[PDB]
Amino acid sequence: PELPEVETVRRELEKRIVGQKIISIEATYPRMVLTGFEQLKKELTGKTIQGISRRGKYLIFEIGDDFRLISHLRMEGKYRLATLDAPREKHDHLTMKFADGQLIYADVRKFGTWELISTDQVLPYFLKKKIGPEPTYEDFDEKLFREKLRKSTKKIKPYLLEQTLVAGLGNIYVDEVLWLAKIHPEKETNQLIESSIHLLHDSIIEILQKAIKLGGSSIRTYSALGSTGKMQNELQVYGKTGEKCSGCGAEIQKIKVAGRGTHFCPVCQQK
């Protein structure tokens, strides 16, 4: 998932599990708990979920007075709320059981991670990760963004994916944002003029807030949290190879940029 999908999950969890006491925690894949599964089980069993937050693509469960469970879903992680008698599915790894149901984490590729840290360690954790600002008008300052782009000779798509200029874009929304901003993904950032940077900055905020409003991009639904999104119906370029650009009618092309599949319009995003 990217930031809009994780935000969608965050909102659903906030609505459904806040206030629930964790009765037990079980793992069939305990090695994805990077701070130690048995330690987590001992610390969190019997505690109550107080809140769910998000920073960039990270989910943050607020548990008990002092605990923060930092969850990254990476490429394929999925949460679902299930009955206590629900059958095991193949790639289920962890479950938090409550009195009336359970929260199951599944991840086919086993890339996702859990880390248990304390409340006063959350801000240092994300400083160490060097996560950039949230993609909001209030936090994403165009002036610093502009100065960083001016200084660099990185290509814009890989630099955006780093999470350091702004948090939250992954391959789908970086491709969408660069099409909306009319910028080619291989453009060296120190070649961007001020008006392009301004359109890029606003397009990042607008696309991600649109995607959040639509419940993220689900391809497809899965019975999991966040699986009823509608943003996939709004994609202009990602996965649209060979289809016609809605802006000019050129075929959308796919290339590889720094190892990643990259979808763009060659007319609207001049090299």
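Numbers for residues come from their place in the sequence shown, where the first is 1.
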Subject >> Stretch with the higher entry mean CA B-factor, where the candidates are 60-68 and 218-226 >> reply: 218-226
Original post:
For the C-alpha atoms alone, is the average B factor greater in 147-155 or in 75-83, going by the entry?
Top reply: 147-155
Original post:
Taking the Cα B-factors listed in the entry, which of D92, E134, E194, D175 comes out highest?
Top reply: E194
Original post:
For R55, does the deposited CA B-factor place it in the lowest, middle or highest third of the chain?
Top reply: lowest
Subject >> Chain thirds of CA B-factor: placement of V6 >> reply: middle
Original post:
Of the three thirds of its chain by CA temperature factor, lowest, middle or highest, which one includes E188?
Top reply: highest
**OP:** Classify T48 as lowest, middle or highest third according to the C-alpha B-factor given in the PDB entry, relative to its own chain.
**Re:** middle
Subject >> Position of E142 among the chain's modelled residues by C-alpha B-factor, lowest, middle or highest third >> reply: lowest
